[PDB]
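The next block holds one structure in the form of structure tokens; read it before the comments.
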Amino acid sequence: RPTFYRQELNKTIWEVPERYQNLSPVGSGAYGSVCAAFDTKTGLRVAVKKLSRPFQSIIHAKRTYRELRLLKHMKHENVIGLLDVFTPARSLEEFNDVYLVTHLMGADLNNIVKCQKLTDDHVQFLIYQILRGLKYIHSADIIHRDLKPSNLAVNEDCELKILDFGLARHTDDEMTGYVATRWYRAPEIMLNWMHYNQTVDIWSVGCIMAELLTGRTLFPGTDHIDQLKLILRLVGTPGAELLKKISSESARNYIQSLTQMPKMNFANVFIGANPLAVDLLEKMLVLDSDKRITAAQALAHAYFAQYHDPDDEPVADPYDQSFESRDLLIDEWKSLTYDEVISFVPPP
Ligand SMILES: CC(C)(C)c1cc(NC(=O)Nc2cccc3ccccc23)n(-c2ccc(CO)cc2)n1
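According to the authors' numbering, the sequence shown is numbered sequentially starting from 5.
Written out as structure tokens, the structure reads:
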């Protein structure tokens, strides 16, 4: 057991092993706070996420377990990995705080789209890495659901990792109005059309790729309805087949009220884009999530010829999320989390 030291930062106590030095706040939210630090043991700049009151409720307790379980499983160059997890507690009885540690990235995809003039090759490399990470995430039957620039960490060499800050609740209020929290969402998740699948993340990739290509938000709606209309203007109103898969009868009836529109010509929307980019966008930005290209399929698309290596695009080890449907008390979620803390083995 390491020695822990105590510090206050923005009204939050941080109690961390001495190995972590020069803690500096970088983000806060309902579910936790994040600091940058220097890990004297590895020589790495790290981010440390302290969960806020992890076992205060069943929902917090289960979220705490869920993130730990997930991060412990993620072992891929394009996905956040866990360097360390610790607690100041010496026993289960004492156990009340959880801290998670990863590589500091400090620089997201927003810090790239708005600043740099990105070439087509940059776009290839960035999207390639997203899809390479997504293939891995999706092979574990994990859906990101919230893919957007601020959830993509990018270093100076344009190396990318998928993460999820996951500090915010995603309430109705949070999804309301002219907000980036909604602009990258698949319409079926935005409007709760149906039970959704992992293709939701592909829609988000299309929105991100478009924006890297144009420097502009693809669907910057001023609200849910305005965003839907921007979407349908580009991709066409739904046909018969898709309409019946919209199981929310209310949503179905609204969408049939809309004046039918054809899918636009993407070469006329993305003027001057590599025609292979255009083709990939048309395959990603498909209204019907059954017909969207998957991450594995997209990696093999000619747009990525310069990067694709089918022997270097690994899948995940089997991930058992049977716990997701398990009905447990706070203290049971807590004891499971504790087992996971205690059994963590750091990367080589
Ligand atoms: C694997 C993937 C799907 C991309 C994912 C990644 C994460 N969590 C994080 O990325 N956590 C962290 C985000 C930012 C800084 C951190 C700095 C240090 C450590 C972690 C950190 N989650 C996540 C899962 C579940 C929940 C709660 O249900 C919240 C977040 N999911």
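Built from N, CA and C at the ideal position, the CB exists for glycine as well.
Rounding to the nearest angstrom, what Cα-Cα distance links residue i and residue j in this structure?
{"i": "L280", "j": "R237", "result": "22 Å"}
{"i": "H148", "j": "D205", "result": "6 Å"}
{"i": "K295", "j": "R10", "result": "53 Å"}
{"i": "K54", "j": "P92", "result": "12 Å"}
{"i": "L232", "j": "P191", "result": "7 Å"}
{"i": "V349", "j": "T218", "result": "43 Å"}
{"i": "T221", "j": "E178", "result": "18 Å"}
{"i": "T123", "j": "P21", "result": "43 Å"}
{"i": "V30", "j": "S37", "result": "8 Å"}
{"i": "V183", "j": "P224", "result": "8 Å"}
{"i": "residue 4", "j": "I63", "result": "The displayed coordinates of the chain run from 5 to 352. Any statement about residue 4 would go beyond what the structure contains."}
{"i": "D292", "j": "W207", "result": "10 Å"}
{"i": "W18", "j": "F308", "result": "44 Å"}
{"i": "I235", "j": "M265", "result": "11 Å"}
{"i": "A111", "j": "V158", "result": "6 Å"}
{"i": "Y188", "j": "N114", "result": "13 Å"}
What did DSSP end up calling residue i once you bin it into helix, strand or coil?
{"i": "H107", "result": "strand"}
{"i": "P21", "result": "strand"}
{"i": "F99", "result": "coil"}
{"i": "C211", "result": "helix"}
{"i": "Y342", "result": "helix"}
{"i": "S326", "result": "helix"}
{"i": "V117", "result": "helix"}
{"i": "residue 361", "result": "Coverage of the chain is limited to positions 5 through 352, which leaves residue 361 absent and any answer about it impossible."}
{"i": "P29", "result": "strand"}
{"i": "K287", "result": "helix"}
{"i": "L332", "result": "coil"}
{"i": "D112", "result": "strand"}
{"i": "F129", "result": "helix"}
{"i": "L48", "result": "strand"}
{"i": "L86", "result": "coil"}
So residue i packs on residue j, CB below 8 Å; how close in whole Å?
{"i": "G85", "j": "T106", "result": "6 Å"}
{"i": "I134", "j": "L167", "result": "About 12 Å; that fails the 8 Å criterion."}
{"i": "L72", "j": "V89", "result": "6 Å"}
{"i": "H142", "j": "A299", "result": "5 Å"}
{"i": "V290", "j": "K139", "result": "About 18 Å separates the two Cβ atoms, so there is no contact after all."}
{"i": "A65", "j": "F59", "result": "5 Å"}
{"i": "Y24", "j": "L340", "result": "Their Cβ separation, rounded to whole angstroms, is 26 Å, which puts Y24 and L340 out of contact at 8 Å."}
{"i": "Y342", "j": "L96", "result": "5 Å"}
{"i": "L151", "j": "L104", "result": "With a Cβ gap of about 20 Å, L151 and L104 do not count as contacting."}
{"i": "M198", "j": "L285", "result": "That pair is no contact at about 23 Å."}
For residue i, does the count of other Cβ atoms within 10 angstroms reach 16, so buried, or fall short, so exposed?
{"i": "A34", "result": "exposed"}
{"i": "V102", "result": "buried"}
{"i": "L108", "result": "buried"}
{"i": "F327", "result": "exposed"}
{"i": "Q120", "result": "exposed"}
{"i": "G210", "result": "buried"}
{"i": "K338", "result": "buried"}
{"i": "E215", "result": "buried"}
{"i": "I275", "result": "exposed"}
{"i": "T241", "result": "buried"}
Uninterrupted alpha helix (DSSP H) stretches inside the region 133-197 (no shorter than 4 residues): For the region 133-197, whole alpha helix (DSSP H) runs of length 4 or above, ordered along the chain, are 184-187, 191-194.
3 or more residues per run - each beta strand (DSSP E) lying fully within the region 209-277: Listed in chain order, there is nothing to give.
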